[PDB]
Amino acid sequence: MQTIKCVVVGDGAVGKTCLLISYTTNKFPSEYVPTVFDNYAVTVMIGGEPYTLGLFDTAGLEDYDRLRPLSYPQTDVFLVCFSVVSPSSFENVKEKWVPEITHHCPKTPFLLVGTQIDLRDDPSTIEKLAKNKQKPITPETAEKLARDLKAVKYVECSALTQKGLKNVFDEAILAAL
């Protein structure tokens, strides 16, 4: 039974664990705890074949930088995540994440993934961003970054509502071929 290794990396608190748990249990983590590392497994069949989709969650906090690379071997596809409602996380995609995964896995394809899209229309987050003279990252801006950084493509979702959630992993699986 062929396996597909998918690793999720990105700034701390951007929603990496939530999207993984939401996608594999259809539930939402009841609280936040910065992860160290963890890995789940789920079976899918986009090609009549029973593949084992290995999902690897990593730490986003820099405090855990030394440990993070341990999850990178034999990775088939990377999911570089950022919060569409958190600009700083978007910038670190090119300032930290892509550089890191391309340093450890130059040949491995990755997707740029926007998370927390359900907060784009949330009053308080919009107001919060405006007080700082900012606005949610737009699909167009991210899709550009994806092209510049040579990502397979961009995709976004909401672990909360699951809007786009499945498509994210369908693509990941597609890119892992």
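Counting begins at 1, following the sequence as shown.
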Q) Of 54-62 and 120-128, which one has the bigger average CA B-factor? A) 120-128
Q) Do the C-alpha atoms of 10-18 or of 164-172 have the higher average B factor in the entry? A) 164-172
Q) Quick one: which of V42, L112, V36, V33 has the biggest Cα B-factor according to the entry? A) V42
**Q.** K150 - which third its CA temperature factor falls in, relative to the rest of the chain
**A.** highest
Q) How does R68 rank on Cα B-factor within its chain, lowest, middle or highest third? A) lowest
Q.
Using only modelled residues of the chain, where does the Cα B factor of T141 rank: lowest third, middle third or highest third?
A. highest
Q) Ranked by Cα temperature factor within the chain, is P99 in the lowest third, the middle third or the highest third? A) lowest
**Q.** Chain third (lowest, middle, highest) by recorded CA B-factor, residue given as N26
**A.** middle
